[PDB]
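Considered here are two forms of the same protein chain, supplied as structure tokens in two stand-alone entries, structure 1 and structure 2.
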Structure 1
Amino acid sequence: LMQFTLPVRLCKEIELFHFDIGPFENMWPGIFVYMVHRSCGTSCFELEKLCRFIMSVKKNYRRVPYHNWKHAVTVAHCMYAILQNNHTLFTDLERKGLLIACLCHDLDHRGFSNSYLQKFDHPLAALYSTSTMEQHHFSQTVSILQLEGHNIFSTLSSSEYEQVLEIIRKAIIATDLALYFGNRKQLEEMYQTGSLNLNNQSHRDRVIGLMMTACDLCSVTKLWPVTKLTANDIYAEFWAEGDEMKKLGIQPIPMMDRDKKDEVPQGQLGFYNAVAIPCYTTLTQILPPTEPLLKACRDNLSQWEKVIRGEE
């Protein structure tokens, strides 16, 4: 059969948590197929259907600075690296579902937060009152799965099919950072009082939600230059949202106000202490081989500290 293979530097570095998928857009599909084949098998999906699904997914990501096709493939690579470092902890269905979930998790993102859609009074905010974009992203995922020739799950039973779509739904809802805080507190408490039980489906669900937050944030776990240049894309979106808030007559919060450019180093520190470090710490407690994500995060935190001390 037809194995996908990568040039040697990519074949070695793609196994590491800090791998950057590179600026060559045309290689990103092959990089994803490579990762499905190794984390799932050459048997998981019909090659033709999978290729047709990947290209329709790509086409439904928009040309925004951050929440774009490159982000989708980046989040999927982090998941690949978690799965490959925790071989025997996951079901066959989870292996199938989570890479697809990660590829799909920001489908048809417009570069605006749930908060901005609610203030603009966008139709999606009446259709979905919480996790607005995330319920959209899962809805776009089902759309694409139902196009002709796009059912990559066509070999599962009705109940295996329903279970995979349920893993994907919860994984995508979990990328709503508003939900992350409470999910990580519960996991922290369950880990610390020894109640954490991976045979309990509601426990697995929480663990997969935390993996989703971890993959979604993995830009803070790259080499410093990748971390820093990504943060420019992230802010380019947030600042355009801030401009849109000012057009609605609403002073945006400082994170979104390009006039507060200077405070970015300190906003990144708060973010690493409040979200990132706690995320990768609890993840490392539950899945010890994901520790390189925590260690990279802590290295980037110390790089933002140097930026504030004027040494960078």
Structure 2
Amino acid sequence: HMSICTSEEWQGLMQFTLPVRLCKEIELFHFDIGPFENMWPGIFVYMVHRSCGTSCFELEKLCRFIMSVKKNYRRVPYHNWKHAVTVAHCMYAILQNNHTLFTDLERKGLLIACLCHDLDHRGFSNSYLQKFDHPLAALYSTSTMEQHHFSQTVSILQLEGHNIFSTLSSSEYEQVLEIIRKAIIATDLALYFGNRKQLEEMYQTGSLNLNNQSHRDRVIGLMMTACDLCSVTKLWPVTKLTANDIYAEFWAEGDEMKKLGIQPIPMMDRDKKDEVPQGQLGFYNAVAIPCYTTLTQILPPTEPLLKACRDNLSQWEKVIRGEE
């Protein structure tokens, strides 16, 4: 199945050092990798290097690995390379701003996880591949895209001279692999409402023990979710254009349903362009706000995320009310 990088690509990636005008920019939560496509692979390296030092991974091996991940992201409008890095960056901003709650082992596990979390995404929904009647969905029947996503990483990781977790004890590897597993799975949005109702509880009966593992796995889970939707937390004009990027996928899925004589839901129906504003308000309200609210509640330093959400919400509001 697998795709790999060439020497050209990877040895260009080592040779990259990030401009200085972008160093403080990158440490923000609202930061926008938008105009630096060019730089994306290197940004991922820069972040890895700061978080986990410049000797967690053999540079040669990490570079090769990052570029190959890239080679496996399909050219789809939203669930593509750009989505992976944006998400990763966000996880970086969170790791950096809680610089003592997480292990070196999670920090690297997690940034890796994000980069890989939507690997080989087709631009179709779990729903859609189950609904009718895909081969991928006749092997992973639950959280389909997500399991695939994980299988990809794991095959990439095992490719010749890509394994970046090599120099770890074979049960410290059988550990960071286990982190990444749950990490990516947690981004099955269906899983999130359960997971977030659970946390909400724990916190508010003062019973959330970060010492207990299954507790860790939950918060991690929410963090992944939180990064996964973080489009909502960039500044308004950024967020606007990312939304355009999402419906392009949805409307494509929805068009393929129509083609088969059927009624796509309102979200994936393009003949409903201008229901979107409210759609968004809806999303924000039942999804985003509770997400960032519960993550702000657990990890207070991430409040800058909740604030950019609120700011965006009332921008979609002005839009629905007719004043933007």
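Only residues modelled in both forms are compared. Heads up, when I say rigid core I mean the largest set of C-alphas that superpose within 1.5 Å between the two forms. All residue numbers here follow the sequence of structure 1, with the first residue given the number 1.
**Student:** Would you mind telling me which residue of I277, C51, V64, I250 shifts its Cα by 2 Å or more between structures 1 and 2 when the core is superposed?
**Tutor:** Meeting the 2 Å or more criterion is only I250.
**Student:** Once you overlay the rigid core, does the Cα of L6 travel 2 Å or further between structures 1 and 2?
**Tutor:** Yes, the C-alpha position differs by at least 2 Å between structures 1 and 2.
**Student:** Does the distance between the two CA positions of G22 reach 2 Å or more between structures 1 and 2, the core being superposed?
**Tutor:** Result for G22: yes, a 2 Å-plus shift.
**Student:** Can you read me the CA shift for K96 between structures 1 and 2, rigid core superposed, in Å?
**Tutor:** It moves 1.1 Å at the C-alpha.
**Student:** What parts move between structures 1 and 2 when you lay the two on the core: runs of 3+ residues, each CA off by 2 Å or more?
**Tutor:** After core superposition, the displaced runs are 1 to 6, 22 to 26, 247 to 250.
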